[PDB]
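Reproduced below: run-v4.txt, with compact mmCIF, N, CA and C atoms and all ligand atoms.
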# COMPACT_ATOMS: atom_id res chain seq x y z
N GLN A 1 -0.26 2.34 -20.48
CA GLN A 1 -1.18 2.81 -19.41
C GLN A 1 -1.95 1.61 -18.85
N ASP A 2 -2.37 1.71 -17.58
CA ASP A 2 -3.16 0.62 -16.96
C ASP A 2 -4.67 0.85 -17.18
N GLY A 3 -5.49 -0.05 -16.65
CA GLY A 3 -6.95 0.04 -16.83
C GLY A 3 -7.53 1.34 -16.31
N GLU A 4 -7.20 1.70 -15.06
CA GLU A 4 -7.75 2.91 -14.47
C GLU A 4 -7.28 4.15 -15.23
N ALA A 5 -6.05 4.14 -15.76
CA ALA A 5 -5.58 5.29 -16.52
C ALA A 5 -6.31 5.39 -17.86
N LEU A 6 -6.47 4.26 -18.54
CA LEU A 6 -7.19 4.25 -19.81
C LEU A 6 -8.64 4.65 -19.60
N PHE A 7 -9.23 4.25 -18.47
CA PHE A 7 -10.62 4.61 -18.19
C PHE A 7 -10.81 6.11 -18.21
N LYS A 8 -9.81 6.87 -17.76
CA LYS A 8 -9.92 8.32 -17.70
C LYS A 8 -9.41 9.01 -18.96
N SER A 9 -8.43 8.43 -19.65
CA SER A 9 -7.90 9.08 -20.84
C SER A 9 -8.74 8.81 -22.08
N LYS A 10 -9.48 7.71 -22.10
CA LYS A 10 -10.41 7.38 -23.17
C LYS A 10 -11.78 7.96 -22.81
N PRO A 11 -12.81 7.86 -23.66
CA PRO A 11 -14.07 8.55 -23.34
C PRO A 11 -14.98 7.83 -22.36
N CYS A 12 -14.49 6.80 -21.66
CA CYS A 12 -15.37 5.91 -20.90
C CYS A 12 -16.22 6.64 -19.87
N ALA A 13 -15.65 7.67 -19.23
CA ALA A 13 -16.35 8.28 -18.11
C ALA A 13 -17.53 9.12 -18.55
N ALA A 14 -17.67 9.37 -19.85
CA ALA A 14 -18.87 10.03 -20.34
C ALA A 14 -20.09 9.18 -20.10
N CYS A 15 -19.92 7.87 -20.00
CA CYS A 15 -21.03 6.93 -19.96
C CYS A 15 -20.98 5.95 -18.80
N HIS A 16 -19.84 5.80 -18.13
CA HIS A 16 -19.68 4.81 -17.08
C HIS A 16 -19.11 5.45 -15.82
N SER A 17 -19.56 4.92 -14.70
CA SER A 17 -18.93 5.08 -13.41
C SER A 17 -18.50 3.72 -12.91
N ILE A 18 -17.49 3.71 -12.04
CA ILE A 18 -17.06 2.46 -11.43
C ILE A 18 -18.17 1.89 -10.55
N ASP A 19 -18.89 2.76 -9.85
CA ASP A 19 -19.83 2.34 -8.81
C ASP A 19 -21.29 2.61 -9.12
N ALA A 20 -21.61 3.65 -9.87
CA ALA A 20 -22.99 4.06 -10.08
C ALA A 20 -23.40 3.81 -11.52
N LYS A 21 -24.68 3.52 -11.71
CA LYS A 21 -25.21 3.37 -13.06
C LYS A 21 -25.31 4.74 -13.72
N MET A 22 -24.80 4.84 -14.94
CA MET A 22 -24.86 6.03 -15.78
C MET A 22 -25.53 5.61 -17.07
N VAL A 23 -24.99 6.02 -18.22
CA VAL A 23 -25.53 5.51 -19.48
C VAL A 23 -25.35 4.00 -19.56
N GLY A 24 -24.13 3.53 -19.33
CA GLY A 24 -23.81 2.13 -19.31
C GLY A 24 -23.81 1.61 -17.90
N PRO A 25 -23.74 0.29 -17.75
CA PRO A 25 -23.70 -0.30 -16.41
C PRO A 25 -22.48 0.16 -15.63
N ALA A 26 -22.65 0.28 -14.31
CA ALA A 26 -21.50 0.50 -13.45
C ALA A 26 -20.48 -0.61 -13.69
N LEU A 27 -19.20 -0.23 -13.70
CA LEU A 27 -18.17 -1.21 -14.05
C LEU A 27 -18.06 -2.31 -12.99
N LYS A 28 -18.36 -2.00 -11.72
CA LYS A 28 -18.39 -3.04 -10.70
C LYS A 28 -19.51 -4.03 -10.95
N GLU A 29 -20.61 -3.57 -11.54
CA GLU A 29 -21.71 -4.48 -11.86
C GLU A 29 -21.37 -5.37 -13.05
N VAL A 30 -20.57 -4.87 -14.00
CA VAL A 30 -20.09 -5.72 -15.08
C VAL A 30 -19.21 -6.83 -14.51
N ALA A 31 -18.29 -6.46 -13.62
CA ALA A 31 -17.44 -7.44 -12.95
C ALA A 31 -18.27 -8.50 -12.25
N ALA A 32 -19.33 -8.06 -11.56
CA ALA A 32 -20.16 -8.99 -10.81
C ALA A 32 -20.87 -9.96 -11.74
N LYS A 33 -21.33 -9.48 -12.90
CA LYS A 33 -22.12 -10.32 -13.81
C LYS A 33 -21.26 -11.37 -14.49
N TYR A 34 -20.02 -11.03 -14.83
CA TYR A 34 -19.16 -11.92 -15.58
C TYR A 34 -18.20 -12.68 -14.69
N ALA A 35 -18.29 -12.50 -13.37
CA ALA A 35 -17.49 -13.28 -12.45
C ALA A 35 -17.79 -14.76 -12.66
N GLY A 36 -16.76 -15.53 -12.96
CA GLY A 36 -16.95 -16.95 -13.19
C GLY A 36 -17.37 -17.34 -14.59
N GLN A 37 -17.58 -16.37 -15.47
CA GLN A 37 -17.94 -16.72 -16.87
C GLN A 37 -16.64 -16.96 -17.66
N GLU A 38 -16.37 -18.21 -18.02
CA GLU A 38 -15.19 -18.54 -18.81
C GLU A 38 -15.18 -17.75 -20.11
N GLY A 39 -14.03 -17.15 -20.43
CA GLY A 39 -13.90 -16.39 -21.66
C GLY A 39 -14.33 -14.94 -21.58
N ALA A 40 -14.69 -14.44 -20.40
CA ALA A 40 -15.27 -13.09 -20.31
C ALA A 40 -14.29 -12.00 -20.72
N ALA A 41 -12.99 -12.16 -20.44
CA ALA A 41 -12.05 -11.09 -20.75
C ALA A 41 -11.98 -10.82 -22.25
N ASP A 42 -11.92 -11.88 -23.06
CA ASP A 42 -11.85 -11.69 -24.51
C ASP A 42 -13.16 -11.13 -25.04
N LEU A 43 -14.28 -11.59 -24.48
CA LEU A 43 -15.58 -11.08 -24.89
C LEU A 43 -15.71 -9.59 -24.61
N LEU A 44 -15.38 -9.17 -23.39
CA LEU A 44 -15.52 -7.77 -23.04
C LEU A 44 -14.56 -6.91 -23.83
N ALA A 45 -13.34 -7.41 -24.06
CA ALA A 45 -12.37 -6.67 -24.85
C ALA A 45 -12.91 -6.35 -26.23
N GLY A 46 -13.54 -7.33 -26.89
CA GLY A 46 -14.14 -7.06 -28.19
C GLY A 46 -15.29 -6.07 -28.10
N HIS A 47 -16.08 -6.15 -27.03
CA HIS A 47 -17.20 -5.24 -26.87
C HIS A 47 -16.73 -3.81 -26.60
N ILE A 48 -15.68 -3.65 -25.78
CA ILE A 48 -15.16 -2.32 -25.49
C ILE A 48 -14.66 -1.67 -26.77
N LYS A 49 -13.91 -2.42 -27.58
CA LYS A 49 -13.36 -1.85 -28.80
C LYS A 49 -14.42 -1.66 -29.87
N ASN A 50 -15.22 -2.68 -30.13
CA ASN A 50 -16.08 -2.70 -31.30
C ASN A 50 -17.52 -2.28 -31.02
N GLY A 51 -17.89 -2.14 -29.75
CA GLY A 51 -19.24 -1.79 -29.39
C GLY A 51 -20.12 -3.00 -29.17
N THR A 52 -21.24 -2.77 -28.50
CA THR A 52 -22.21 -3.83 -28.27
C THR A 52 -23.52 -3.18 -27.84
N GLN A 53 -24.57 -3.99 -27.79
CA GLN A 53 -25.88 -3.52 -27.39
C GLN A 53 -26.70 -4.72 -26.96
N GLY A 54 -27.67 -4.49 -26.08
CA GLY A 54 -28.65 -5.51 -25.78
C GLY A 54 -28.26 -6.50 -24.70
N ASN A 55 -27.08 -6.34 -24.09
CA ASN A 55 -26.69 -7.13 -22.92
C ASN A 55 -27.19 -6.52 -21.62
N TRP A 56 -27.41 -5.21 -21.61
CA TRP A 56 -27.89 -4.49 -20.44
C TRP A 56 -29.13 -3.67 -20.70
N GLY A 57 -29.45 -3.38 -21.94
CA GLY A 57 -30.58 -2.55 -22.27
C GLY A 57 -30.54 -2.18 -23.73
N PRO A 58 -31.45 -1.29 -24.14
CA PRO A 58 -31.55 -0.96 -25.56
C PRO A 58 -30.53 0.07 -26.03
N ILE A 59 -29.91 0.81 -25.11
CA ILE A 59 -28.94 1.84 -25.49
C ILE A 59 -27.62 1.16 -25.86
N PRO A 60 -27.07 1.43 -27.04
CA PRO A 60 -25.81 0.78 -27.44
C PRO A 60 -24.59 1.49 -26.88
N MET A 61 -23.52 0.71 -26.72
CA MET A 61 -22.19 1.28 -26.57
C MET A 61 -21.54 1.35 -27.94
N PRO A 62 -21.23 2.54 -28.45
CA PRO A 62 -20.57 2.63 -29.75
C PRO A 62 -19.16 2.09 -29.66
N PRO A 63 -18.51 1.82 -30.79
CA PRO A 63 -17.07 1.50 -30.74
C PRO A 63 -16.26 2.60 -30.06
N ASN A 64 -15.19 2.17 -29.39
CA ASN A 64 -14.33 3.10 -28.67
C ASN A 64 -12.97 3.23 -29.34
N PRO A 65 -12.30 4.39 -29.19
CA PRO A 65 -10.99 4.64 -29.81
C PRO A 65 -9.86 4.01 -29.01
N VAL A 66 -9.87 2.68 -28.98
CA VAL A 66 -8.89 1.90 -28.22
C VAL A 66 -8.25 0.87 -29.14
N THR A 67 -6.99 0.56 -28.84
CA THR A 67 -6.35 -0.54 -29.54
C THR A 67 -6.80 -1.87 -28.96
N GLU A 68 -6.45 -3.01 -29.54
CA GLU A 68 -6.68 -4.36 -28.97
C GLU A 68 -6.04 -4.41 -27.58
N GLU A 69 -4.81 -3.98 -27.61
CA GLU A 69 -4.09 -4.13 -26.35
C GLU A 69 -4.69 -3.26 -25.25
N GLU A 70 -5.15 -2.04 -25.59
CA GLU A 70 -5.85 -1.21 -24.61
C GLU A 70 -7.18 -1.85 -24.21
N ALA A 71 -7.92 -2.41 -25.17
CA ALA A 71 -9.20 -3.04 -24.86
C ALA A 71 -8.99 -4.23 -23.92
N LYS A 72 -7.92 -4.99 -24.12
CA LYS A 72 -7.65 -6.13 -23.25
C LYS A 72 -7.30 -5.67 -21.83
N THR A 73 -6.43 -4.67 -21.71
CA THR A 73 -6.12 -4.10 -20.40
C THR A 73 -7.39 -3.63 -19.71
N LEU A 74 -8.24 -2.90 -20.43
CA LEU A 74 -9.47 -2.40 -19.83
C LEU A 74 -10.39 -3.54 -19.40
N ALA A 75 -10.54 -4.57 -20.24
CA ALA A 75 -11.42 -5.69 -19.88
C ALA A 75 -10.91 -6.39 -18.62
N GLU A 76 -9.61 -6.67 -18.56
CA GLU A 76 -9.06 -7.33 -17.38
C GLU A 76 -9.20 -6.45 -16.15
N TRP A 77 -9.03 -5.14 -16.31
CA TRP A 77 -9.23 -4.23 -15.20
C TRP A 77 -10.69 -4.22 -14.75
N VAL A 78 -11.63 -4.10 -15.69
CA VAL A 78 -13.04 -4.13 -15.32
C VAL A 78 -13.37 -5.40 -14.53
N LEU A 79 -12.88 -6.55 -15.00
CA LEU A 79 -13.23 -7.79 -14.31
C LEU A 79 -12.64 -7.85 -12.91
N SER A 80 -11.60 -7.08 -12.64
CA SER A 80 -10.94 -7.03 -11.34
C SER A 80 -11.67 -6.18 -10.31
N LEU A 81 -12.70 -5.45 -10.71
CA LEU A 81 -13.29 -4.42 -9.86
C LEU A 81 -14.23 -5.04 -8.83
N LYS A 82 -13.80 -4.95 -7.53
CA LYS A 82 -14.58 -5.47 -6.42
C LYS A 82 -14.88 -4.33 -5.44
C1 LIG B 101 -21.69 5.85 -24.00
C2 LIG B 101 -21.59 6.49 -25.19
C3 LIG B 101 -20.54 4.82 -23.63
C4 LIG B 101 -19.22 5.00 -23.73
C5 LIG B 101 -18.39 6.20 -24.22
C6 LIG B 101 -18.61 3.77 -23.25
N1 LIG B 101 -19.59 2.89 -22.88
FE1 LIG B 101 -19.35 1.04 -22.16
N2 LIG B 101 -21.31 0.67 -22.30
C7 LIG B 101 -22.26 1.62 -22.61
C8 LIG B 101 -23.54 0.96 -22.62
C9 LIG B 101 -24.85 1.73 -22.93
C10 LIG B 101 -23.36 -0.32 -22.34
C11 LIG B 101 -24.42 -1.43 -22.27
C12 LIG B 101 -24.68 -2.07 -23.63
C13 LIG B 101 -25.61 -3.24 -23.64
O1 LIG B 101 -25.17 -4.35 -24.01
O2 LIG B 101 -26.72 -3.01 -23.09
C14 LIG B 101 -21.94 -0.53 -22.14
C15 LIG B 101 -21.33 -1.73 -21.83
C16 LIG B 101 -20.02 -1.83 -21.40
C17 LIG B 101 -19.40 -2.99 -20.82
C18 LIG B 101 -20.13 -4.33 -20.61
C19 LIG B 101 -20.26 -5.10 -21.94
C20 LIG B 101 -20.88 -6.48 -21.80
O3 LIG B 101 -20.56 -7.29 -22.69
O4 LIG B 101 -21.68 -6.63 -20.85
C21 LIG B 101 -18.13 -2.69 -20.54
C22 LIG B 101 -17.04 -3.58 -19.91
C23 LIG B 101 -17.91 -1.32 -20.93
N3 LIG B 101 -19.08 -0.82 -21.45
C24 LIG B 101 -16.74 -0.63 -20.79
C25 LIG B 101 -16.46 0.57 -21.39
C26 LIG B 101 -15.17 1.16 -21.50
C27 LIG B 101 -13.88 0.52 -20.91
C28 LIG B 101 -15.32 2.31 -22.17
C29 LIG B 101 -14.16 3.31 -22.52
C30 LIG B 101 -13.26 2.72 -23.43
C31 LIG B 101 -16.70 2.47 -22.50
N4 LIG B 101 -17.38 1.39 -22.02
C32 LIG B 101 -17.24 3.54 -23.19
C33 LIG B 101 -22.02 2.95 -22.85
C34 LIG B 101 -20.80 3.52 -23.11
ZN ZN B 102 -2.77 2.96 -12.22
ZN ZN B 103 -4.87 4.72 -27.04

Starting from the file, lay out its structure as structure tokens.
Amino acid sequence: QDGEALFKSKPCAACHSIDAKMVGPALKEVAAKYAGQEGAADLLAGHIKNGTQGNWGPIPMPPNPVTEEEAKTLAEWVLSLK
């Protein structure tokens, strides 16, 4: 599956929109923040799979039910969002 397909088949939409702020940052805003940051795809892939907190606010993103390979597809897709 591609990034947009995984975005809908995994639980992401409970907390994220592509364009609007929900629980987590809008995915276009993640793309904007990490544009030009060397290494961002691997960083986001680990965060999508394993969870993270404190990059955008106090609310954490729990770990997600994704494989490495799904997390990498999703991270590359998120970074592509313009
Ligand atoms: C609520 C329970 C969430 C679900 C389900 C998913 N995400 Fe999330 N995400 C959420 C929050 C609250 C945050 C911000 C955390 C913080 O650091 O303040 C995030 C963050 C992201 C990011 C950005 C990470 C970064 O390093 O800046 C991405 C790319 C992201 N989330 C993607 C993502 C995907 C692909 C999900 C489905 C697999 C997903 N999230 C689930 C909240 C929640
Ligand atoms: Zn597609
Ligand atoms: Zn899967």

Next on the checklist: I'd like the interatomic distance between atom N of residue 21 of chain A and atom CA of residue 42 of chain A, to a tenth of an Å.
Outcome noted: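 Result for atom N of residue 21 of chain A versus atom CA of residue 42 of chain A: 23.7 Å, one decimal.
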
Checklist outcome for this item: A straight line from atom N of residue 5 of chain A to atom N4 of ligand LIG 101 (chain B) spans 13.2 Å

Checklist entry - Could you write out, as an NGL selection string, all the residues of chain A that DSSP marks as helix (DSSP H, G or I)? => result :A and (3-9 or 11-14 or 27-34 or 40-50 or 68-79)

Item to check | ligand ZN 103 (chain B) neighbours within 6 Å using only N, CA and C atoms and all ligand atoms, as a list in words | outcome: residues 65, 66 and 67 of chain A

Item to check | Residue neighbourhood residue 15 of chain A, 8 Å, all atoms listed in the file, exclusion window fewer than 6 positions, as a count of residues only | outcome: 6

Item to check | Nearest candidate to ligand LIG 101 (chain B) (options A:73, A:80, A:17, A:64; using only C-alpha atoms and all ligand atoms) | outcome: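 Of A:73, A:80, A:17, A:64, the one nearest ligand LIG 101 (chain B), counting only C-alpha atoms and all ligand atoms, is A:64.
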
Item to check | Given only C-alpha atoms and all ligand atoms as the counted atoms, nearest of A:49, A:77, A:16, A:41 to ligand ZN 102 (chain B) | outcome: A:77

Next on the checklist: What does the list of residues within 5 Å of ligand LIG 101 (chain B) look like if you count all atoms listed in the file, written as a ChimeraX atom specification?
Outcome noted: /A:11-12,15,23-25,52-57,59-61

Next on the checklist: At a cut-off of 8 Å, using only N, CA and C atoms, what residues contact residue 31 of chain A? Leave out same-chain residues fewer than 2 positions from it and give the result as a PyMOL selection string.
Outcome noted: chain A and resi 26-29+33-36+77-82

Hey, can you spit out that residue selection with N, CA and C atoms as a PDB file, keeping the file's coordinate frame?
ATOM      1  N   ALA A  26     -22.650   0.280 -14.310  1.00  0.00           N
ATOM      2  CA  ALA A  26     -21.500   0.500 -13.450  1.00  0.00           C
ATOM      3  C   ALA A  26     -20.480  -0.610 -13.690  1.00  0.00           C
ATOM      4  N   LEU A  27     -19.200  -0.230 -13.700  1.00  0.00           N
ATOM      5  CA  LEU A  27     -18.170  -1.210 -14.050  1.00  0.00           C
ATOM      6  C   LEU A  27     -18.060  -2.310 -12.990  1.00  0.00           C
ATOM      7  N   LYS A  28     -18.360  -2.000 -11.720  1.00  0.00           N
ATOM      8  CA  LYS A  28     -18.390  -3.040 -10.700  1.00  0.00           C
ATOM      9  C   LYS A  28     -19.510  -4.030 -10.950  1.00  0.00           C
ATOM     10  N   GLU A  29     -20.610  -3.570 -11.540  1.00  0.00           N
ATOM     11  CA  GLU A  29     -21.710  -4.480 -11.860  1.00  0.00           C
ATOM     12  C   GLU A  29     -21.370  -5.370 -13.050  1.00  0.00           C
ATOM     13  N   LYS A  33     -21.330  -9.480 -12.900  1.00  0.00           N
ATOM     14  CA  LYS A  33     -22.120 -10.320 -13.810  1.00  0.00           C
ATOM     15  C   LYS A  33     -21.260 -11.370 -14.490  1.00  0.00           C
ATOM     16  N   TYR A  34     -20.020 -11.030 -14.830  1.00  0.00           N
ATOM     17  CA  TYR A  34     -19.160 -11.920 -15.580  1.00  0.00           C
ATOM     18  C   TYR A  34     -18.200 -12.680 -14.690  1.00  0.00           C
ATOM     19  N   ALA A  35     -18.290 -12.500 -13.370  1.00  0.00           N
ATOM     20  CA  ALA A  35     -17.490 -13.280 -12.450  1.00  0.00           C
ATOM     21  C   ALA A  35     -17.790 -14.760 -12.660  1.00  0.00           C
ATOM     22  N   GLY A  36     -16.760 -15.530 -12.960  1.00  0.00           N
ATOM     23  CA  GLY A  36     -16.950 -16.950 -13.190  1.00  0.00           C
ATOM     24  C   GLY A  36     -17.370 -17.340 -14.590  1.00  0.00           C
ATOM     25  N   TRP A  77      -9.030  -5.140 -16.310  1.00  0.00           N
ATOM     26  CA  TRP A  77      -9.230  -4.230 -15.200  1.00  0.00           C
ATOM     27  C   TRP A  77     -10.690  -4.220 -14.750  1.00  0.00           C
ATOM     28  N   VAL A  78     -11.630  -4.100 -15.690  1.00  0.00           N
ATOM     29  CA  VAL A  78     -13.040  -4.130 -15.320  1.00  0.00           C
ATOM     30  C   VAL A  78     -13.370  -5.400 -14.530  1.00  0.00           C
ATOM     31  N   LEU A  79     -12.880  -6.550 -15.000  1.00  0.00           N
ATOM     32  CA  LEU A  79     -13.230  -7.790 -14.310  1.00  0.00           C
ATOM     33  C   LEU A  79     -12.640  -7.850 -12.910  1.00  0.00           C
ATOM     34  N   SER A  80     -11.600  -7.080 -12.640  1.00  0.00           N
ATOM     35  CA  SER A  80     -10.940  -7.030 -11.340  1.00  0.00           C
ATOM     36  C   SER A  80     -11.670  -6.180 -10.310  1.00  0.00           C
ATOM     37  N   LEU A  81     -12.700  -5.450 -10.710  1.00  0.00           N
ATOM     38  CA  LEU A  81     -13.290  -4.420  -9.860  1.00  0.00           C
ATOM     39  C   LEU A  81     -14.230  -5.040  -8.830  1.00  0.00           C
ATOM     40  N   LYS A  82     -13.800  -4.950  -7.530  1.00  0.00           N
ATOM     41  CA  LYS A  82     -14.580  -5.470  -6.420  1.00  0.00           C
ATOM     42  C   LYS A  82     -14.880  -4.330  -5.440  1.00  0.00           C
TER      43      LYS A  82
END
